[PDB]
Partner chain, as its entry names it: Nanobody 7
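A lone chain, given as C-alpha cells: the form solved without its partner chain.
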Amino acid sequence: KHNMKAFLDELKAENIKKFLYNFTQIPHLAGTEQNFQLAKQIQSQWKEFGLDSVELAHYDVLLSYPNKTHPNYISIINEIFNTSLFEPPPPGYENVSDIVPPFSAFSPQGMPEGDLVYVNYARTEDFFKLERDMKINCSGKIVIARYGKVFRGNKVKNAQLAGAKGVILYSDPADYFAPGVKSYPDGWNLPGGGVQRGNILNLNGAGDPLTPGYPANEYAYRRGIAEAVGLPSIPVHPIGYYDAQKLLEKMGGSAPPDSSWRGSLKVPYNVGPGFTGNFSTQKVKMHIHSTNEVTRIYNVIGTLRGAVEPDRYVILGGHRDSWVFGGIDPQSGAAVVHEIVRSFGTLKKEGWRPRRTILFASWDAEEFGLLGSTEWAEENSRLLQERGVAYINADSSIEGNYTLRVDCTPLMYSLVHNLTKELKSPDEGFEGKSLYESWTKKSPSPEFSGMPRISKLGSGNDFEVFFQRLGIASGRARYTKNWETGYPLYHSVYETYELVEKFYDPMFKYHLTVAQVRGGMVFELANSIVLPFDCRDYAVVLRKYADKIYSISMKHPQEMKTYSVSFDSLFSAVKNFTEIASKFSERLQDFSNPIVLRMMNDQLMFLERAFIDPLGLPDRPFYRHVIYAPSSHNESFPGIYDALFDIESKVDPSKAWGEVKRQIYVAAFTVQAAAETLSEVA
C-alpha cells in the first residue's frame, strides 16, 4: 500500500543524521562559491531521489560582507581596548579565514566616535521609558543594546528614530546563557567570545532592497542604493559578553529604572549617557568597513507532479544558506527536507504520485532578508496565487528538545491536531504515547483544556511572502525548549554538527519526529481528496481577535464616545463568517461530483486568499494579510492595532480616531468578504 503510513515509515533518523553531517562540514554563506556547490549537490540528489524536475532559480540581489583586509571592530579611545576580530573557532575546525567574522549584515560604513547610552533591549517600550519617564536623550549617542525580545532590525530602526549615531549589539548571559549548562564545546551554552550574527534590515516584506515587487532577474532595473528599501542609516556591530563587559563597566549617569533593565554581567547597567568620573573623558569608537554588493543567489526548486490536480501546489520550503556551519540554522531543517524528498521519491519509484503537485524548495539568502524565497515568489506570483494550496516551512528542526512548537493558519489547526494524534511521542516518559499527548501536556493551550498551544505566524522566515503578501495558507513546526527556564549559540560559529549530535539530539529522534510532522502535513495537503482545512477554526479565532482589539480601544472610552467609534460592523462580520462557515462545513460533509468537490476545494484554497487587501497596510504595500500582517509598532487586526498604538500621544485626536474607524471599516469589510467566498457560489 502507498498511504501516509508508508511515507512516514520510510523516513529514517540515521539518514537525517548523515545529511546533517554532510551539510555542515564547511560554511555555506549566501552568495559564496561553497553555497552554490551545495545547491548543485542538492539539485543532483533530488533528481537521484526521483523528482520529476529539479532546477536552479537564480537572482542577483544586494548582499553584505565584511572587508577581508580591513576588519570591523569597536574601541574605547589612543585605542585602549579593542573588541575581537573573530570568535575563537571550535575544536578541530580548519578553514577559519572562510569563516565570516561576526558582523551586522547591511550596516553602512563609518567610524562614529561618541558616548554610550544603554537602551536595554531597544524595544519601542524601552525607548518610551528612556525619553518620556527618564528624560534621557539618545541624539548623537552610540547606543548599546542587548539582543533579545524583538528582531534586531527593529532595535536599529528604534535607535535611528531616537537619533543615535551607532548601535552596538551584544548577547547578555541573562538572555543567552542557561543556568547550570556548560559552554561550548562541553555543553550548549554561549561562551563569552561567541557572537550572534544577523541582518539588521527593515524591509517590511519587500525582499531584495533594490527590486521591490519584481524578481531580481537578468534584465531587472535596480534602485540606486540611496533609494533602496530598508537599509540602516547608522553603523551597527555585534559583540559577545566578554567584550560587552569591557564596554559597560565604566557606564555612568542614571541608574537602571528597575531590575528589568539589568542583565547578568558584573556591571551596574547604568543607562548613561557616558562613563563615570575618572573615565568621563574616554569615548567609544566603531570601525565598520563592510560593503553591500549585488551577488548571485540560487534556489533549488524540485517538482513532484500531481496525478489528478497537477495545477495545485503544495510547497515544502526552507533555506540552505547559513551564517557559518549552520549546524542548527538551517541544516537541521534542510536535512529533514532532504529525507522527506527521499521518502516521497521512494514511493514515486514504486509508481505512486501525490494527488496534487508538491514543490520542494531549498531557499538561498534567507539570512539576508528572506531574499531567495521572496524573489522566487515575486517571479511566480501569478502561478502561486491561483494555484498555491499551502506552504509548509522547514528551517531549523530543533532549537531545543523539550516539545513541539507549531505556528500556522487556523485553517491547519485540525490537520495538526489529527496528525500529531497518530504520531509517536519521542519524549522521555511518553513512550507509547502520541505526540499530541506529550505536546499538549508540555505546552497547554492558554484557553482550552486538553488542547496544545498553536501560535500565530508573524514574520522573520521564508513563509513570510507566501502568507503575508500572497495569502497562501502556511504553517511551520519544530522542536523547541522549555520557554520558562532563541537558543544560546544562535548564529554563532559554535552552531555545528557536534553541537546537535552531542547535546541536542544524539539519536536524531526529535529530527525524525519533526520530519514526520512536516512531511505528514505535506502528504495530507497534497493527497487528501477534500483539502484538510476547517474554516470553522478561522471563525473561532476571528471572534477572539475582535474581542481583543475592542478591549484595547476600550481603554479610551471618552474618545470612543466623542468620535462615535463603533466595533459593531466588525462583530457583525465575524458573526456572519461564523454562520456562513458553519453552513459551508455542512455542505462539505453532505456532497461522486468532482466539480462540486473542486469548487469546494477552490473555496477552501481561496479562503486564506480572501484575507489579502490588494492595497496592503498603510505605507507597507507588501504586507497585505488583514488578519495577521506584522504590526508596524511591534496583535492580529494589525491595521486597527497600529491605528490605536500610542493614540493618546497623537496631536490631532480627531484625525487619529478617524483613522481607527477607517481601519475598523476595512477589517469588517474584509471579514465579510472572506465569509462570502464560502457562500453558495450562485
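Positions refer to the first chain, counted from 1.
Per the record, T485 and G486 are separated by 4 to 9 deposited residues that have no coordinates.
Missing coordinates between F591 and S592 amount to 1 to 3 residues of the deposited sequence.
Remark: stretch with higher mean C-alpha B factor among 130 to 138 and 406 to 414 is 130 to 138.
Legend: mean Cα B-factor per stretch from the PDB entry, 160 to 168 versus 303 to 311; the higher mean is in 160 to 168. Looking only at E87, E447, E375, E218, the residue with the top Cα B factor in the deposited structure is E447. For the set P102, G192, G180, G333, the maximum C-alpha B-factor listed in the entry falls on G180. When the modelled residues of the chain are ordered by C-alpha B-factor, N95 sits in the highest third. In the deposited entry, the Cα temperature factor of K40 sits in the middle third of values across the chain's modelled residues. Per-chain ranking of the deposited C-alpha B factor places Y510 in the middle third. When all modelled residues of the chain are sorted by CA temperature factor, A122 is found within the highest third. When all modelled residues of the chain are sorted by CA temperature factor, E579 is found within the middle third.
Keep in mind that the form solved in complex with its partner chain is not shown, yet the notes after this line are about it.
Among heavy atoms of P557, some come within 4.5 Å of its partner chain in the deposited complex. Interface membership of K135, defined by any non-hydrogen atom within 4.5 Å of its partner chain in the deposited complex, is ruled out. Shown alone here, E428 lies farther than 4.5 Å from its partner chain in the deposited complex, counting heavy atoms only. Interface membership of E579, defined by any non-hydrogen atom within 4.5 Å of its partner chain in the deposited complex, is ruled out.
This chain appears without its partner; in the deposited complex, the one residue of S260, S455, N95, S551 with a heavy atom within 4.5 Å of its partner chain is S551. Proximity to its partner chain in the deposited complex, defined as a heavy atom within 4.5 Å, singles out one entry of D547, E293, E586, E350, which is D547. Using a 4.5 Å heavy atom cutoff, none of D9, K18 and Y490 lies near its partner chain in the deposited complex. Looking at 121 to 129, 162 to 170, 342 to 350, 566 to 574, the stretch with residues near its partner chain in the deposited complex, meaning non-hydrogen atoms within 4.5 angstroms, turns out to be 566 to 574. Of all the residues from 639 to 658, the single one having a non-hydrogen atom no more than 4.5 Å from its partner chain in the deposited complex is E648.
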